[PDB]
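Trainee: As a preliminary step, the opening chains of the complex are given here in situ:
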Amino acid sequence: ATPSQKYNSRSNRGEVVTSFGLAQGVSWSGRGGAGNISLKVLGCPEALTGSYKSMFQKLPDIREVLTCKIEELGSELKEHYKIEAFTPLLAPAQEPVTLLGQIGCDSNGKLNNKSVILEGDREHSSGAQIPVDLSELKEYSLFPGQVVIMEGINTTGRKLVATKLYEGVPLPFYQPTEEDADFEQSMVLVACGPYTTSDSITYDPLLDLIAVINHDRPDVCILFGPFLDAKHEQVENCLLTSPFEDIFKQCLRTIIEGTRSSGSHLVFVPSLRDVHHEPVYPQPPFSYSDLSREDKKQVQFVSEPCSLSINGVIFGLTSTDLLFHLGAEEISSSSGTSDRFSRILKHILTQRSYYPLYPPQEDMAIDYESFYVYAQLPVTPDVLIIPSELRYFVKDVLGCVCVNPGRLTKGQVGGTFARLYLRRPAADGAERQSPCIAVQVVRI
């Protein structure tokens, strides 16, 4: 009937929208569960193997987390750039003096090019704040809560004027081994919910996704949340006749049973929009009980943000729309000269965390102790997965290939999902050799 009528009458069915890497045949397929497939969570003290501890916050401890982050980034940047020595923010120095601190918006609104303050660290500036003037600065790209070293001149001690910004240095890549190069090419599927149109519960997009998974027989499939969106009008009005947990269990069991024949490994990444799960960031892995031996072997539940390795390739998984949040509150010298996505991804890779913006967007809850101990980048990931409301894309920045597949369903219109081959190349030769080979964002 009328519900989800567009999905039954969409012409773009199965038509690839974007390609990256090398030209590849339309008949994308893998070997399925056959062959040696490695799938291991990595780094960052195990990234919430268990559920959680608390929803109780302490201001001094949040302060400790923030200052520790600032000081760690500062030590790394100082040792890399061979900076002589930092100075207190409030010290009036006639000669240009390097200053360390995190950027912040003066008021509670969107950051403006002349409404920016620098907040220092305790061990150098005692956490003092000082306005910064960007009139003299030529090229810059800032957002709230990013750690920066600014070499401006401050002759009065009450207002700094910027003169140069130090591009932050990314983490070293993941050093492979002989076993990693011993892996043949494997195809990876990645899709992000919601899996039903804005006015439906039939979950037709999920059925189409299951069909394509079965047909292609990919090696590993990443499914981001939400699986029953909290913002869905059906649940926002609490018209459902079944508990949230029951509906989520039904959807998960349908997904699991649908892909039994494919033999493809399956991983579920939670999202903040999941109504039933805990609404806090970072999120622990989903909970499920009805698992057989084969199902338990084929399905893994991972936390979010998660940094898992498939066949020795570091994947950066984050379900929250980080790109949109950063773009909302990011300022830069030039807009059309460079791509916004490029510099936002640059910031994500540089800041060494899975959510560098601070304070986060209103529709987001971050537990800062668990975030500090579980949501830090271990190494510049080989591939970064950031499903975002922004348009789908596949960029290659600082070596890392960042893919935004896009939401699987926009309102009532069709969405897109990303396939990508992955093959660790020769152990030696070119200095940088991205394991990713080809990427195809394709319409569902």
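Mentor: On my side now, so go ahead. Numbering: from 1, shown residues only, chains lettered A, B, ... in the order given.
Trainee: going forward, measure contacts and count neighbours with C-alpha atoms only.
Mentor: Fine.
Trainee: can you pull out the helices in the stretch 251-400 of chain A?
Mentor: A:293-298, A:322-328, A:340-351, A:368-374 (DSSP state H, counting those that start in this stretch).
Trainee: Rebuild these as a markdown table, extending it with mean neighbour count.
Mentor: Output for those, formatted as a markdown table (neighbours: other C-alpha atoms under 10 Å):
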| stretch | mean neighbour count |
| --- | --- |
| helix A:293-298 | 12 |
| helix A:322-328 | 18 |
| helix A:340-351 | 20 |
| helix A:368-374 | 19 |
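Trainee: Go through these and name the closest to residue A:42.
Mentor: Shortest distance between residue A:42 and the helices of the stretch 251-400 of chain A, using C-alpha to C-alpha, is found for helix A:368-374: 10.9 Å.
Trainee: Residue A:267 contacts residue A:303, correct?
Mentor: No. At 10.1 Å, residue A:267 does not count as touching residue A:303 under the criterion of C-alpha atoms under 8 Å.
Trainee: what about these two, which has more around it?
Mentor: residue A:303 (28 against 18; other C-alpha atoms under 10 Å).
Trainee: so who does the more buried one touch?
Mentor: A:47, A:48, A:49, A:269, A:270, A:282, A:283, A:284, A:285, A:286 (C-alpha atoms under 8 Å, 6 or more residues apart in numbering).
Trainee: buried subset of those?
Mentor: When those are checked for burial by 16 or more other C-alpha atoms under 10 Å, the buried set is A:47, A:48, A:269, A:270, A:282, A:283, A:284, A:285, A:286.
Trainee: so which of those residues would you say is closest to residue A:215?
Mentor: Closest to residue A:215, out of all of the buried ones among the contacts of residue A:303 and judged by C-alpha to C-alpha, is residue A:269, at 22.6 Å.
Trainee: Please state the backbone phi and psi of the closest residue to that closest one other than its chain neighbours?
Mentor: Nearest residue to residue A:269, sequence neighbours excluded (C-alpha to C-alpha, 6 or more residues apart in numbering): residue A:224, at 4.7 Å. With angles defined as degrees, to the nearest 10, residue A:224 sits at phi -90, psi 160.
Trainee: Tell me how far residue A:224 lies from residue A:387.
Mentor: Distance, residue A:224 to residue A:387, by C-alpha to C-alpha, to the nearest Å: 8 Å.
Trainee: Chain B comes next; put it on the structure above:
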Amino acid sequence: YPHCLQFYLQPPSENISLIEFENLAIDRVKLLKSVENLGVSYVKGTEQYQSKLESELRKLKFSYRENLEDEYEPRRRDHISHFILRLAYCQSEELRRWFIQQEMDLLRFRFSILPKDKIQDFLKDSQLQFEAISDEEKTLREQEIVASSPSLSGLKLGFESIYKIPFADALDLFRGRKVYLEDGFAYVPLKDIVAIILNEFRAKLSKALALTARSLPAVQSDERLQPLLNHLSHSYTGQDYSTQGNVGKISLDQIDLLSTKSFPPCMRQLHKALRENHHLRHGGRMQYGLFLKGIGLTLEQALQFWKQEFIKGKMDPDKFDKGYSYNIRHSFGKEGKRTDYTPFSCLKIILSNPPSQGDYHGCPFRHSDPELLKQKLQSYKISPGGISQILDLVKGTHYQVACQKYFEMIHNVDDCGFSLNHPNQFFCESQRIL
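Mentor: Putting chain B together with the chains above:
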């Protein structure tokens, strides 16, 4: 928890809900305060004292002889409660001494309850060795025990069990040559055994409290336990329960006779000062108004009462409205609670806002010197012996026990049957006596 008595020297490491934490702390504070008051009023050995403390322990479900319920709930409650109170009381030396005294009284009582047949295992379970001699050995050495025995009259060596203990553990006992020794082991009766047990327990408790006092700064950081543990004893009331919202039928005219028949001394003298002077300072006005609200005076009745008294003050009734009716209605009404919404308690009256010149509020026992206490008691027509014992209790800083004795005197009864902690409870019990 092998035994009911136990020595508290192994802190628990479980997890409990915050509500359980607060309930345990409050229950144990109530038990300790009851122990103190009951020991002060009565004698520590009379069957009345033991029975009353038994009833208190049963109602607070803190200890009992071994059974299914005792294994799980009362013993763990006692353990965690004792350690929470350790956290609460290690702040000051006076608090430490008070806690030690009352814990010693409680331990002595519990020991007296404990049947003899089990004491042995308790001593074994206490982790220090005391050995009981055999009947044959007791018969053989009865003459020696009697000869070495203290001034205890006669040769009667009754059924009291005799134990074999190293002389080291009876230093203060055998140092006076008042006990028999054999191969370095001393033979002691039950009373001296319990004395030794309590002495060692006191030493252990003192050391533990000193350590907790040193360790406090680490644990005081928590914000959801500071307001509870800081004033657990100093300024926390043991379930006054005489809160705002009571019901009753009080006639405004009758107030006067009630004041001379069923009011505690604080409210009695505050009412007399009001009637005689037609005016009260801020503190006394608030205290008495809150008390009248507590006893059952409705808002219109209270407004009429205060207005009628203030017409005699020679000031404009419209001025009365605009000035004080707002305050009275706010007291009877909306937010600002815990200072205006709630009637005061004996503890708050004693410990807060000492009266000054021209101010008649406060507990008379705590805030007026003995000469004026005697004057007031004489004016209240109480027997001289009653006045003497009231003054004795006041000198012992047991003001509430003194008020309890005053209640018994004026009501011409022997035992009041409760433990006053709130003036409105005083009035309610008096009305119950009619």
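Trainee: Take the contacts of residue A:303 again, chain B included.
Mentor: Contact analysis of residue A:303 by C-alpha atoms under 8 Å, 6 or more residues apart in numbering or on different chains lists A:47, A:48, A:49, A:269, A:270, A:282, A:283, A:284, A:285, A:286.
Trainee: cutoff 10 Å now
Mentor: A:41, A:46-51, A:268-271, A:281-286, A:317-318, A:374-375 (C-alpha atoms under 10 Å, 6 or more residues apart in numbering or on different chains).
Trainee: Also residue B:251?
Mentor: The contact partners of residue B:251, by C-alpha under 10 Å, 6+ apart, come to B:258, B:296, B:297, B:301.
Trainee: Most neighbours among those residues, please name it.
Mentor: Among those, the one with the most neighbours (other C-alpha atoms under 10 Å in any protein chain shown) is residue B:297, at 22 neighbours.
Trainee: if we can go back for a sec, as CSV, the contacts of residue B:251 with distance to residue B:121 and secondary structure would be great.
Mentor: Output for these, formatted as CSV (distance: C-alpha to C-alpha, whole Å; DSSP: H, G, I helix; E, B strand; the rest coil):
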residue, distance to residue B:121, secondary structure
B:258, 58, helix
B:296, 56, coil
B:297, 59, coil
B:301, 65, helix
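Trainee: Can you pull up the most central residue in chain A?
Mentor: residue A:318 (3.3 Å; C-alpha atoms, centre = their mean).
Trainee: Now do residue 259: how many residues are near it, please.
Mentor: Assuming you mean chain A. Per other C-alpha under 10 Å, the neighbour tally for residue A:259 reads 20.
Trainee: My question was about chain B, not that one.
Mentor: Neighbour number of residue B:259 under other C-alpha under 10 Å is 18.
Trainee: how about it, secondary structure?
Mentor: Secondary structure state of residue B:259, per DSSP: H, G, I helix; E, B strand; the rest coil, is helix.
Trainee: Quick check: nearest residue in space to it, chain neighbours excluded?
Mentor: Excluding the flanking residues, the one nearest residue B:259 by C-alpha to C-alpha, 6 or more residues apart in numbering or on different chains is residue B:268, at 5.6 Å.
Trainee: Now the one you found: phi and psi?
Mentor: Torsion angles, degrees, to the nearest 10, at residue B:268: phi -60, psi -50.
Trainee: separation between it and residue B:293?
Mentor: Distance of residue B:268 to residue B:293, given as C-alpha to C-alpha: 15 Å.
Trainee: So if I had to pick from those two, which one is more boxed in?
Mentor: The neighbour count for residue B:268 versus residue B:293, taken as other C-alpha under 10 Å, is higher for residue B:293 (25 against 18).
Trainee: go ahead and place chain C:
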Amino acid sequence: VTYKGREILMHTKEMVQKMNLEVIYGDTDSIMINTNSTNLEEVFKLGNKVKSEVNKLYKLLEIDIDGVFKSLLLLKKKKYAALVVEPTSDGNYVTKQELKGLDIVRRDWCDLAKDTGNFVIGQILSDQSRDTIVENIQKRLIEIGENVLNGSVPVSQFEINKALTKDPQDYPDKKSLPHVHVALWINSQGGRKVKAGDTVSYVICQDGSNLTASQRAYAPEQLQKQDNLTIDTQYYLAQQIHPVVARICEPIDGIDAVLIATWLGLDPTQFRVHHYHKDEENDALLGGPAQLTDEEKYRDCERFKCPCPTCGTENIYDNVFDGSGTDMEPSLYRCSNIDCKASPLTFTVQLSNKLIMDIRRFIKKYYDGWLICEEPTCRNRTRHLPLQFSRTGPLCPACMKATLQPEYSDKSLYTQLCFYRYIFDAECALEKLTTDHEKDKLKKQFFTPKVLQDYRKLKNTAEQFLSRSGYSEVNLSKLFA
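Mentor: Adding chain C to what we have so far:
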């Protein structure tokens, strides 16, 4: 050394308390003692006696008298207003007018507000008794409220001035700032523009557009030349005069911000609806409550709303039972709408689902981390926790001398969750009524096993959130470590 110092200081505090005095403040460098004495010589001899007894208790401690205050209003460390008693010859003394920490940081106050603040501070620093001071202040506040309400006050006194640090268009929060709104209006409609460093004058007005006050800020001459709109008296009473006076009067015992609102006008209802309930709480209470009761515990907690699926009528669930006396009926037995015959007990699922959403929202609201400055005059409302910190808490970036604290405290959220579980805790609610035969008849007539299971499920829907709830349980291992 610090431990011994704290020990001796606490002992001195308790001892001087035993001396029938009361100590109001002290940190290892000073002790303010309230003497309850109006005789200077008596105070001096009492100070000498306490010094002598503490000295003979601690031989080498050399205490001394630093100063005497005839009357003092205490608000915080180095925050007070006092009449310093400078002793002159022949025992006479001069009441030098001193006060620290009363400085106001922002200059966006009406002339009338400044006058009211000056009057209040002068009255409090007068030598007359507490009752007379309170009576004078109340009379003046009532007179000012009536004068403003009836329009007798000159409009010129309602004018407000505020400087412009940046250009009007460069303020990120231009929506919420009245002065930048007026700057934009004058720049657009008028001629000469307003630049950084200039001062803009504005007066709030009532347009009837149900907008925020900041959006209604109008120029003074614009108001004088327009008649369709008038001055917003309610705004001026709520957050232009109440802040200044309550910053000083609130600490006084027996007077509360609610009482000031009642004196000033018809705010009380909408005020306590729009009132901050943070500084009111203070554990200083010397023996008041033990653990309160459910009535006063869950008073601030938001009640559980729910739409009836059949009719859509709103239902409020503020307790397990509803009615009075004989008709103690479960709130789920019948829909709040008399016309609707659908028992909510049928729609438990929806209920549970809604409950989830509600608690979910609250969690997010708690994690927004909105910090508010405590000084009523500033009341800066930010979300970026400042690294700069004070002894008690975060330092206000606007008030370099103040303390931020959460808008939605963690314990507020804990109380909300406990209220949610209590609303459906049928078993416990069955133990609060004394009349046993009433319990028997009521439970046999409604509390069948099915409804018990439904209520238990509703309990669990919030108990599963409470189990992982942030030190709602205390770990003894850490405590006794």
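Trainee: now that chain C has been added, could you go back to the contacts of residue A:303?
Mentor: Taking C-alpha under 10 Å, 6+ apart, one finds A:41, A:46-51, A:268-271, A:281-286, A:317-318, A:374-375 in contact with residue A:303.
Trainee: does the closest residue to chain C within the stretch 51-200 of chain A count as helix, strand or coil?
Mentor: Residue nearest to chain C within the stretch 51-200 of chain A: residue A:54 (3.6 Å; C-alpha to the nearest C-alpha). Three-state call for residue A:54 (three-state DSSP): coil.
Trainee: tally of neighbours for it?
Mentor: Neighbours of residue A:54 under the rule other C-alpha under 10 Å: 17.
Trainee: Identify the residue spatially nearest to it, adjacent ones excluded.
Mentor: That would be residue C:470: by C-alpha to C-alpha, 6+ apart, it lies 3.6 Å from residue A:54.
Trainee: same deal with residue A:165?
Mentor: Counting by C-alpha to C-alpha, 6+ apart, residue A:150 is the residue found nearest to residue A:165 once chain neighbours are left out, at 5.1 Å.
Trainee: pretty sure the one you found contacts residue A:100?
Mentor: Yes. Look at residue A:150 against residue A:100 with C-alpha atoms under 10 Å: they come within range, at 6.6 Å.
Trainee: mind checking the backbone torsions on residue C:304?
Mentor: Phi and psi for residue C:304, reported as degrees, to the nearest 10, are phi -80, psi 110.
Trainee: In this structure residue C:34 contacts residue C:73, no?
Mentor: No. At 11.9 Å, residue C:34 and residue C:73 do not qualify as touching, with contact defined as C-alpha under 10 Å.
Trainee: What residue in the chain is the furthest from its centre?
Mentor: Assuming you mean chain A. Distance from the C-alpha centroid of chain A, by C-alpha atoms, centre = their mean, peaks at residue A:94 (41.7 Å).
Trainee: that answer is for a different chain, and I need it for chain C
Mentor: residue C:90 (47.0 Å).
Trainee: List the contacts of that residue.
Mentor: Here residue C:90 is in contact with no residue (C-alpha under 10 Å, 6+ apart).
Trainee: Would you list the phi and psi of it?
Mentor: Torsion angles at residue C:90 (phi, psi; degrees, to the nearest 10) stand at phi 60, psi 20.
Trainee: next one: residue C:32
Mentor: For residue C:32, the backbone dihedrals (degrees, to the nearest 10) come out as phi -90, psi 120.
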